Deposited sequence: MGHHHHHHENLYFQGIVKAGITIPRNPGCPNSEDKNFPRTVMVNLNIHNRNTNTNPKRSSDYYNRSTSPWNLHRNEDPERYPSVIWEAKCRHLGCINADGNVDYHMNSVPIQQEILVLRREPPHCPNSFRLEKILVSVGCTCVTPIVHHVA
């Protein structure tokens, strides 16, 4: 259940404000995780902004979620690979 991993990693926008389904970033900090800080997103309104800039309760803000891989420091008595679901932003949908 163990594997050897080289930990040398190999490799803004205001969409959150300009979207018909806008959203805010809530800080998720776990000093035992890489990434330590994950900025999750929360759909501000239950519905979406229309043409004029008002809210339509028929169109709906929903969150775009994705499973991501994270490393957690293995207790003293090194790391473990785990998967967490996170919200990256919201889109607008109709039923």
So which bits of the deposited sequence did not make it into the model?
-> 1-38, 50-58, 125-127, 146-151
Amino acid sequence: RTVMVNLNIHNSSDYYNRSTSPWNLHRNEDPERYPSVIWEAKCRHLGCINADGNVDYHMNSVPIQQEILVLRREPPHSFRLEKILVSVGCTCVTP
From here on, numbers count along this sequence of modelled residues.
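What we label the rigid core is the largest C-alpha set whose atoms superpose within 1.5 Å from one form to the other.
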Kindly name the stretch, out of 79-87 and 20-28, whose CA atoms are displaced more from this form in 4 other deposited structures of this protein after the core superposition?
-> 79-87
Other entries omitting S12, at least a third | yes
Do the CA atoms of 47-55 or those of 33-41 have the higher mean B-factor in the entry?
-> 47-55
Between 83-91 and 12-20, which has the higher average C-alpha B-factor in the PDB entry?
-> 12-20
Among the chain's modelled residues, which third holds the C-alpha B-factor of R73?
-> middle
